């Protein structure tokens, strides 16, 4: 649990930022170059607020599987000269299960906070607020609004981005290496 939090702290310091769109404030992970990721429901517009600064969104790609099913991630390319430290190395080719995970959040409401969610099991299909969604990871821990975009981690692994929950169970979209080109 300790090595997981250690990795997470370092990851967030190097690769995360706080973002505001018109739909809310989110944790954002930069992945490589000028590509980052948000939960789909962040619905980023042509500009976002990134650490309180206006940044133009050159592209966004709402992710779906081969059968059009929601994956609940949006990839976004930022009109930005600074490049993100390449963390593609830490993204698995398929859905990761781990015994001890940490969820890391970094917004105004939750500034640099970490939750030990423990066991993450590949959950797969879930009806998410009416929306059939695939590739979900599930953890038991009492979830809260404004945690969407939180980064799910274990030692040496970035497992996915937090997208949903109710009460005592949360879900992340798996963050798969092949989503990045």
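Superpose the two forms; the largest set of C-alphas matching within 1.5 Å is the rigid core. Residue numbers count along the first chain shown, from 1.
Peer 1: When the core is superposed, where do the C-alphas shift more in 8 other deposited structures of this protein: in 7-15 or in 160-168?
Peer 2: Once the cores are fitted, 160-168 deviates more in 8 other deposited structures of this protein.
Peer 1: Using only the Cα atoms and their B-factors as the entry lists them, report which of 160-168 and 5-13 averages higher.
Peer 2: The stretch with the larger average C-alpha B-factor is 160-168.
Peer 1: Regarding 74-82 and 105-113, which shows the higher C-alpha temperature factor on average in the entry?
Peer 2: Result: 74-82.
Peer 1: Please work out which residue in 145, 153, 136, 38 has the highest C-alpha B-factor recorded for this crystal structure.
Peer 2: In the PDB entry, the greatest C-alpha B-factor among 145, 153, 136, 38 is found at 145.
Peer 1: Name the one of 28, 120, 31, 42 with the greatest CA B-factor according to the PDB entry.
Peer 2: Of the candidates given, the C-alpha B-factor peaks at 120.
Peer 1: Should residue 98 be placed in the lowest, middle or highest third of its chain by the C-alpha B factor in the entry?
Peer 2: Its C-alpha B-factor, which the entry lists for residue 98, ranks in the highest third among residues of this chain.
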